Amino acid sequence: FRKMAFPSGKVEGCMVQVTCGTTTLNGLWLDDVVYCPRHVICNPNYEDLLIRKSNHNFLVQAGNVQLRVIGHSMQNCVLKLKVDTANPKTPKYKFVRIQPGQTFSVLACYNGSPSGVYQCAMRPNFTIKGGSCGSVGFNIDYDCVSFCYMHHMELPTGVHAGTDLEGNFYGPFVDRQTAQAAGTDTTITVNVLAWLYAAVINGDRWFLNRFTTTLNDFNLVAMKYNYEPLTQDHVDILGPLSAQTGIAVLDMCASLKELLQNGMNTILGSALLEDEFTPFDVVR
Amino acid sequence: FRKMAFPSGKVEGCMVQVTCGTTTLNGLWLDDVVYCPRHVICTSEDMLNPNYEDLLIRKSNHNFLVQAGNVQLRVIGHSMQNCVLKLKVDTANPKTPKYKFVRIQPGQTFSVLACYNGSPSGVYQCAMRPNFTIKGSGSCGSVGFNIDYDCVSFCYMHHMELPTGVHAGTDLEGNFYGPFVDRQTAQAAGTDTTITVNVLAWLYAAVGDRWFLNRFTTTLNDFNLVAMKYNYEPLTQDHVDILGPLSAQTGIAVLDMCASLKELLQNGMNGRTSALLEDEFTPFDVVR
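For the protein sequence lines, the chains are A and B, in the order given. With the UniProt record's numbering as the guide, the letters of the first sequence map in order to residues 3266 to 3307, 3314 to 3401, 3406 to 3540, 3543 to 3561. With the UniProt record's numbering as the guide, the letters of the second sequence map in order to residues 3266 to 3402, 3406 to 3475, 3478 to 3543, 3547 to 3561.
Take a look at the structure:
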């Protein structure tokens, strides 16, 4: 069972380079606006550093073409540079905010040049295990690109932190050089179950047993092994996989609890339990 | 350290749909030629004992329906080269990237753009397994590729699913990788082995981590005698030479890293970490 990223072509055509003084990073060019991390203009005072800036302080490059900046503005932690040319490659798109445990693709870029694409999950501690600042994360739904993430900073443990495209941070982080750390992370329980349903669909059934559990008894077992608590909405989202396979969610929870205590001695050719597929990803 | 796929845009603009009779799969549209698996001319029954010469001589250009998104492309010639069909169309693909065709060796990595009926669905990073199969994920005609300096090197086209769930296919000149054929025979992927040179390249990548090093070395022969007991591919002098650069930047001799690998296979990771020894990053990949 392979992790798959969305085809990145629609996003590739939007990546540009943004330079303010000696700082260069990636920007996202949609119609006649380029979006990028506001710290490109850098205990900072952003409203003051931006008032001191003029359009001529920004250099925007789309491949060979220099784009002329004709207005600048800030929205939370994202800088919005109005430019002289509308991106003729602008896809149908929306700005969305995702929740911990949801997945998306990141197009990693260096100085406006796309480098590679990978599938991510937003960890429960709101970080991502992933010159890349300004790279964006996204899902694609029938020609429409839903941008959900922009990369702002690396945390000392090596994970990544960023904002939605409206500039709102994911997690308790700020765009300053102060000391910050990811909280203790947790495993995304609903995604592990979705992945177990994927195993059954792929004909791997050895971890199934005759037992069922209670939502409360599993959650006491899940909290002990550092798993996110499972909710009734989690049971409802797993519904379609419980109908296709005939294994009820609390039946699958029984299986997971037994795996968390005895090991696999094996499941989709994996050793650990994979938690970066959502219920939606598995159906797809 | 993520397994990253190449940005897929340059290949997305080349994917089309090819239909012959009731069979539809993916094709690759480069200049005025569409490449697809020749078994597009087979009707499942034919797959048991297909005679491609006889099946193809009976087709005319208008039997092949080629669609590039909305536009139907007019086929004006056709030709078979080994196991790929080459359909000459009336229009050269305006989105053709700089490209070339290359045949790869087991252990080499590449990205696959998985497609259904001509429309890209997802992209993933791959290695050609030593048994010449792909542990990948209607997808016939999807292609594998590397991109170096805006040039797309096409190295794989998907043709067959094997009974164990893995995939077999050809280069873009239609020559199968491994002993597989585009016929529904009892054919199966032989026991697969770990790509040793890639594991070692990854260990060099690990080295600000060095908990797994030890004070031992090994001969090449002793390493291979041990590693083959874990179903690891034999390590050659070519492989030793390939890892030379990574051996320098880290200061760890290749056979010293081999000794570390021997101990990791003996011990495991003792709850530390991936909890797996990873073999789908090449020495070239690691440096990049």
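The beta carbon of each residue, even a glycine, is placed where N, CA and C say it ideally should be.
- For the pair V3336/B and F3329/B, the CB atoms are not nearer than the 7 Å cut-off.
- For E3277/A, the nearest CB of chain B lies under 7 Å from its own CB, placing it at the interface with that chain.
- With a 10 Å radius around the Cβ and a threshold of 16 neighbouring Cβ atoms, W3481/B comes out exposed.
- Taking a beta-carbon distance threshold of 7 Å, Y3381/A does not count as an interface residue toward chain B.
- Against chain B, the beta carbon of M3393/A has no neighbour under 9 Å; the closest one sits roughly 15 Å away.
- Chain order gives the chain B residues near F3271/A as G3387, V3388, where near means a beta carbon separation below 8 Å.
- At a Cβ-Cβ threshold of 7 Å, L3531/B and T3487/B do not count as neighbours.
- For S3309/B, the nearest beta carbon of chain A is not closer than 7 Å to its own beta carbon.
- Interface criterion not met: the Cβ of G3409/A is under 7 Å from no Cβ in chain B.
- In chain order, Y3502, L3531, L3550, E3551, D3552 place their CB closer than 8 Å to the CB of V3467/A, counting only its own chain and leaving out the 5 sequence neighbours on each side.
- Looking at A3270/B, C3307/B, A3518/B, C3419/B, the one whose alpha-carbon comes closest to that of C3408/B is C3307/B.
- Residue range 3464-3476 is occupied by the alpha helix (DSSP H) that includes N3466/A.
- Its Cα nearest to that of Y3424/A, the residue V3349/A stands out among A3523/A, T3520/A, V3349/A.
- Taking CB atoms only, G3274/B has a neighbour in chain A less than 7 Å away.
- Per the coordinates, the alpha-carbon of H3427/A lies some 52 Å from the alpha-carbon of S3344/B.
- The stretch 3510-3530 of chain A makes no contact with the stretch 3361-3368 of chain B; the number of CB pairs closer than 8 Å stays below 3.
- The beta carbon of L3549/A falls within 7 Å of a beta carbon belonging to chain B, placing the residue at that interface.
- Of the residues assessed, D3450/A falls on the buried side of the cut-off, its CB having 16 or more other CB atoms within 10 angstroms.
- In the DSSP annotation of this structure, the continuous segment of the beta strand (DSSP E) that includes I3341/A starts and ends at 3340-3346.
- A straight-line Cα-Cα distance of about 7 Å links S3273/B and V3388/B.
- Of all residues in the stretch 3460-3480 of chain A, none has a C-beta nearer than 7 Å to a C-beta of chain B.
- According to DSSP, residue pairing for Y3502/A in a beta bridge involves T3462/A.
- In chain order, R3267 make up the part of chain B whose C-beta sits under 8 Å from the C-beta of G3401/A.
- Within the DSSP secondary-structure output, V3336/B pairs in a beta bridge with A3333/B.
- The beta carbon of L3545/A sits closer than 8 Å to the beta carbons of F3266, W3470, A3473, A3474, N3477, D3479, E3551 from its chain, once the five residues preceding and following it are set aside; these are given in chain order.
- Pairing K3499/B with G3433/A, the inter-Cα distance amounts to about 36 Å.
- The alpha-carbon of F3557/B is positioned some 12 Å away from that of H3509/B.
- Scanning its chain for C-beta atoms nearer than 7 Å, with the 5 sequence neighbours on each side dropped, one finds around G3412/B the residues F3375, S3376, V3377, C3391, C3423, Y3424, in chain order.
- In the three-state reduction of the DSSP assignment, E3553/A falls in the coil class, being assigned neither a helical nor a strand state.
- Identification of chain B residues near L3378/A by a Cβ-Cβ cut-off of 9 Å yields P3272, ordered along the chain.
- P3359/A and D3296/A have their alpha carbons spaced roughly 7 Å apart.
- Per DSSP, the unbroken beta strand (DSSP E) holding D3416/B starts and ends at 3411-3416.
- Non-local beta-carbon contacts of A3357/B in its own chain, meaning distances under 6 Å to residues more than five positions away in sequence, involve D3296, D3297 in chain order.
- Per DSSP, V3510/A is one residue of the alpha helix (DSSP H) stretching across 3507-3512.
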